[PDB]
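Chemist:
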Amino acid sequence: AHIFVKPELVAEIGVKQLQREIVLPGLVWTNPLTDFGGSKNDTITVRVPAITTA
Amino acid sequence: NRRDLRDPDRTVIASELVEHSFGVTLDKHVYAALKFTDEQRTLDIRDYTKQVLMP
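For the protein sequence lines, the chains are G and W, in the order given.
Quick note: the first sequence uses the working numbering, first residue 1, plus one each step.
Quick note: the second sequence uses the working numbering, first residue 55, plus one each step.
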């Protein structure tokens with residue numbers, strides 16, 4: 001019988017271990033505050049503007 | 055040395071030439087060392103030249 005020496009080939013075709021989709025980071029108000037250095041206790045105060053009545 | 059002139063004994067006290075010495079040693083290591091965590095370097099350091107290197 002004919003006998004041949006062949007390379008066991010390996011391919012990546014797009015089969016990935018199943019892990020959940022990432023949605024929440026895009027849906028949440030992300031990084032409106034950045035200058036967290038140069039702020040006491042890593043805390044940035046957020047000011048909520050005043051409301052007046054007529 | 056001095057000896058009496060016309061002295062019956064004629065021995066001379068031979069002088070000695072002794073060279074002296076002293077050692078100078080390199081024996082100290084002066085250092086200033088600083089340790090900054092990733093939080094301290096990221097958030098607490100602003101310049102790092104006038105805040106770390108100059109001190």
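Cβ atoms here follow ideal geometry from the backbone N, Cα and C, with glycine treated the same way.
Which residues, in chain order, does the segment 84-96 of chain W contribute to contact with chain G at a C-beta distance below 9 angstroms?
Modeler: Listed in sequence order: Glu93, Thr96.
Chemist: List the whole-angstrom C-beta distance separating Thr96/W from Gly37/G, where the pair is believed to meet the contact cut-off of C-beta under 8 angstroms.
Modeler: Position 42 of the second sequence, counted from the start, is the residue given in the question as residue 96/W. Position 37 of the first sequence, counted from the start, is the residue given in the question as residue 37/G. Right, their Cβ atoms sit about 7 angstroms apart.
Chemist: So, helix, strand or coil for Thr53/G, using DSSP?
Modeler: Here residue 53/G is taken as the residue at index 53 of the first sequence, counted from 1. Correct three-state label for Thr53/G: coil.
Chemist: Have a look at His2/G, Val46/G, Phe4/G and flag the residue whose alpha-carbon is nearest the alpha-carbon of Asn31/G.
Modeler: Here the question's residue 31/G lines up with position 31 in the first sequence. It is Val46/G whose Cα lies nearest to the Cα of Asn31/G.
Chemist: Please report the distance separating the alpha-carbon of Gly77/W from that of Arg57/W.
Modeler: If you number the second sequence from 1, residue 77/W lands on position 23. If you number the second sequence from 1, residue 57/W lands on position 3. Roughly 39 angstroms separates the two Cα atoms.
Chemist: Using a C-beta to C-beta distance shorter than 9 angstroms, which residues of chain B count as neighbours of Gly37/G?
Modeler: The displayed structure is made up of protein chains G and W, and chain B is not among them.
Chemist: Mapping the DSSP letters down to three states, classify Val106/W as helix, strand or coil.
Modeler: Within the second sequence, residue 106/W is the residue found at index 52, counting from 1. Looking at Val106/W - three-state DSSP - the assignment turns out to be helix.
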